[PDB]
Structures are given as C-alpha cells and as structure tokens.
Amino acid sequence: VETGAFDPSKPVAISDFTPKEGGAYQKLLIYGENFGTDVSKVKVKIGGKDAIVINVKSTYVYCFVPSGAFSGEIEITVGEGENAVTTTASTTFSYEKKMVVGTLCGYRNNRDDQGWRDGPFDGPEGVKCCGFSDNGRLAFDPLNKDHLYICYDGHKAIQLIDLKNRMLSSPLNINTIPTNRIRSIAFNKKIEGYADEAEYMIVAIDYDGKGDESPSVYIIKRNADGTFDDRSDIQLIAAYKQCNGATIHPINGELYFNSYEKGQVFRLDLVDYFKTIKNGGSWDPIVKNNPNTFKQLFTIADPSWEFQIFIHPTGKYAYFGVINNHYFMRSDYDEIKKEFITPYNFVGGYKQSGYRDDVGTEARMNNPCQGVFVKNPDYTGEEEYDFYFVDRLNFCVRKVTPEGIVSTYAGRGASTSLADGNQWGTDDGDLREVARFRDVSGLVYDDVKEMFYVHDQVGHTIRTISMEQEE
C-alpha cells in the first residue's frame, strides 16, 4: 500500500478524540493510525451503537455520536473479511444524556378498533390498557404523585393512571354530573378551620342544558382511606354555563373559573362555601343571583371565548390560554386585593391559527391546550420559570419564556417527518430530530422526577418526556 493507504498487516490505533464529552448528534473527531482514505471501508461503534461515518483521512476519522451511546466505548473496524482490523480506544467518550420522548401506556392498532379497556400498562393487545381518545387534561394528586388523574371532554369517567402499580382504572363515574364534557381537575389548598390540603378535588364541566343556571363546577371530597371514588361525597359549588376550566390560586387558595359565553372570569373564596355548610346553611350555586360571592372580575375579550387559566407558582401572574382563538393572554395579580387584573395579549396571533416560533404576538399556534410552569436552573432573579404547553393541531410541546419568546420543545421530528411527509406521528426518542405526537391536549410536569406526562389524544396514548436511561 502507498503512503496514507490502509495496511491490513499493521494494527489500527486510536490516539485521541475531541471533544471528550458530548451528546447525540455531536460531531466527533477521532485521531489515530491506519484508517485508510475510504468511508466505505470504515465502521465505527460508540457505546455499542453504530455511528455515522462522515470522512476518513488516514490519521483521523469524523463521525456523529449516536443516540444512546452510554458507555462511550469507541470501537473502529477498518477493512473487510480477512483484511478487517479492529481496535478499541483506551479511554471512553463521556456521553451526555438527553431528554427523550417515550410511551407510557395506551395504543392504537392498524384498524384503530382497540376501544377502551382498564388494566395493566403492559401485556398483549386484549389485556393491556387502552382508550384515551377524547380531548383530555391531566392532574396529579398533590399528596401522591404516583396518582395521575385524567379527565375527558366526551368520556364520563375520570380515570386514574397509577404510576406505581402500572394500572389504569376508572374510580370516578360521577353519575350525578349532567354531561360527559369534563374540562379540568384542581385541588384546594389548606383552608385553616375548614379543609386540609387537597381534601377536595374541584372539577369543571362544560354544560348549558339549563340555560344560565347550568352547573359549572363540582367539589369531590376525599374518602377516609385517602381515595377519590364513587363513595366520595360530591356537591355542586358553582353554576352559570359553558365553563371551560377552574383553577386554584397556589398561594391564597381562591378559585377562578370562566364562562365561554362572554369570556367571563369569576372568583370564589371557598371559605364562603365551607363556612355556610359548617353552620348548617344551604349553599346557592347560582352565580347570577350572588354577584358578591361569585365575583365577576372582567371579560377577557369577545364573546364565545374558550379558555383555561394557568397560574405561575409564585401566584404573581397567570396566562389565559384561548383554545379556540390561538393565543395566550397574561394577567398580573394584585397581591393586596388578592385578584387578577384585566389581561393583555401576550403570545400568539389573535384569531390567527398557524405554526411559527417567534416573539410575542408574532408567534403562531393552533388550539393551545394544557400548560405548565417549569423551573429553569439557569434563571437567577425573581423569575425562575419557563412555561410549556401542548399546541394541539401542531402536534408538539412549545416553550414560552417570561419575555414572550416561543419555541418548539418536543415533537415534529425532522428525520421522521421526512420519511412519510407528516408532521404528526408516534415516534419516540430525540425531542426534535425523531419524536412525534398526534393531537396533544394534556400536560403535567413532575418537578421532583423532572419529567413530563403528555396526553396524546389522537395517538390514544400517554407519552413521557424524561431523561434517557441505560436499560
């Protein structure tokens, strides 16, 4: 062989590589000897995973770090058959793990005829659980994050996704609720003299069968054994019409709920409710007849405005997600009055659906659904959180900084959307290169395990976003 050509009678050596650490898709430069000058004659594995070889030039090889290369062991084989020579680098590459999309439970077969079935997360079709097909919202039991509840707009049971025993059940059949349009789940904060922390599940429903005296919000009391099920006491706490959600202030504990009719936002101090029942009184849930107790703070925009309220963990502000008109508004909280004030347009285009990462009202989204605040360790001032939400008709999770910069966090996998031409899909893995979702409606974040659970309504699955693990 000539100068620079591969010599199969001599060893192949790796002397160094750079960078020494990195994540999947990182370009890696490997230095050594006897690599030859042809990509076709070189194969590289990193952490036991086959790696894409970019260029080979005698004393160096460029390749891409593969997903899941945990061990960082670098192995190279030059030549083929009788002439193949292999070596392994003496030091390991330091693989930096990334968040990845996974699938927890649920499935959709080729005929989409699996239906609904309670049971184990895993097993053969016919045994493993499935359903999850109506638009939904997620909420953890604040006293036990192994218990993840899901409510649905179109399925009249609130289900329990039990992460510890890996079982799906339907403990809440809410038979007295007059509709299957269940919109949200919240829990009370402790109320001195009246209610322990999360003793009550607060459930919003979307109904207008009794005109403007139609139920909006119910309250369900935890059983003596700690469960929420059909033995639980359930009471009507507010009735107007067309409610799309109810949310609890994380510091002061009052309840905010709306009506789509004119986009009203109502404020209820639960102390009024518990004080009345404690003194053997009759509670009147008819909002219109009691303007001092169910205080109407404002209308956020125009009539027929469908939205939910997401309050910052400090309680100092909230985002109002306008599901049917494709934007979020922001509202500041007056800490002395203990009320939110008239909101203003924050991110997205007023009545203009689309998909565009940009700043403020130049960003575009399409049917924004559930959102959550997540601590960003890089923030050091008084603002410590970013906001993440499922953008339903764009099949992804978006991120919103406090300044209003909107980006795409997970979904619409670049490589997978090329293979089949669809921005939607079921692929697990790398957040923006591979992973895909179908219509996404629900989202929660476990702030201790540092992971998201996502309700993929049209995939009929519960997905996860969490740190990859060596199996």
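All residue numbers are counted from 1 along the displayed sequence.
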| property | result |
| --- | --- |
| Between 376-384 and 83-91 (mean CA B-factor, as deposited), the higher | 376-384 |
| Greater mean Cα temperature factor according to the PDB record, 2-10 or 461-469 | 2-10 |
| Given 118, 225, 196, 134, the residue at which the Cα B factor reaches its maximum | 225 |
| Top Cα B factor in the deposited entry, candidates 345, 296, 169, 370 | 296 |
| Relative C-alpha B-factor of residue 420, binned into the chain's lowest, middle or highest third | highest |
| Third of the chain's Cα B-factor distribution that residue 285 belongs to, per the entry | highest |
| Third of the chain's Cα B-factor distribution that residue 108 belongs to, per the entry | highest |
| Within-chain third of residue 273 by Cα B-factor, per the entry | highest |
| Where the record places residue 249 (Cα B-factor, split into thirds across the chain) | middle |
